[PDB]
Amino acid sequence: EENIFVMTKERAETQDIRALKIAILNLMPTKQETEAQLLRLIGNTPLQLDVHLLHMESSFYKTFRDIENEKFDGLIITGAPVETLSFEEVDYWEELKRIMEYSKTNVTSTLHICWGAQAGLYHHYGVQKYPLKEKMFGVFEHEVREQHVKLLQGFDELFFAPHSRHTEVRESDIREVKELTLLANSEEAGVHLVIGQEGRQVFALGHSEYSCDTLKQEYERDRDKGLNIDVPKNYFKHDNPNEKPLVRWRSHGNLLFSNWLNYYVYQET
């Protein structure tokens, strides 16, 4: 045949797509590290992003007051160093409730990380947290629990993710809630990824956003405070803290944030 056809994979015409409006609520005291991590991870999209930084009310930062009449495509609520308290004992609990209630109506998809996820689950769905006898601490094997869920687009069926917490939510408590769907659990570490109301909320209980040495730094920090803490599991070679950490969770951290931004924060029509 004289005229041969070619296969053309059409370029992504994202040029004319309106920028995604994204807010990050950093509840951390070690503010800079978290911000940097999340900023790298949301680079995982060809789309343009306007990132608004927020914090509580006890110069790039705003408060809920400044945005309560605004709408966002996405919101990230980080973890916080308050997990051993009852939710209501946390100083800023009432302001956090206003933000989370606001998120139902004014944010397309809100991503909750670690304690922020527990807070979101508790407030929105009544899921309680519970103390662990020792810290769930290391990198753990997870398994995908749902097929054909956009958030898990491209995930390996088995994948690694870090956890760092002295508390937990229980699979059984999440199972009871119709509006929740369990996406990824670990035989050892339990619940990691959960989605609520079709992605209206995304909850990540582990710390997929962690960078290379985060667990290492936490280990040494706690060890120096004189805490009795074990080496993070499946992190150091031979459990030797002088060794370079093994990074097995990087790819699925990128996939999580990329799929969130691409399929949940961005909506068509």
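For every residue, the number given is its place in the sequence shown, counted from 1.
A chain break between residue 58 and residue 59 is present, corresponding to 10 or more residues of the deposited sequence without coordinates.
Two stretches are in play, 66-74 and 197-205, and the higher mean C-alpha B-factor belongs to 66-74.
Between the stretches 46-54 and 237-245, it is 237-245 that shows the larger average CA temperature factor. In this PDB entry, residue 86 carries a Cα temperature factor that places it within the lowest third of its chain's modelled residues.
When the modelled residues of the chain are ordered by their C-alpha B factor, residue 134 lands in the highest third. Split the chain's modelled residues into thirds by C-alpha temperature factor. Residue 145 is in the lowest one.
Per-chain ranking of the deposited C-alpha B factor places residue 37 in the lowest third. Compared with the other modelled residues of the chain, the Cα B-factor recorded for residue 156 ranks in the lowest third.
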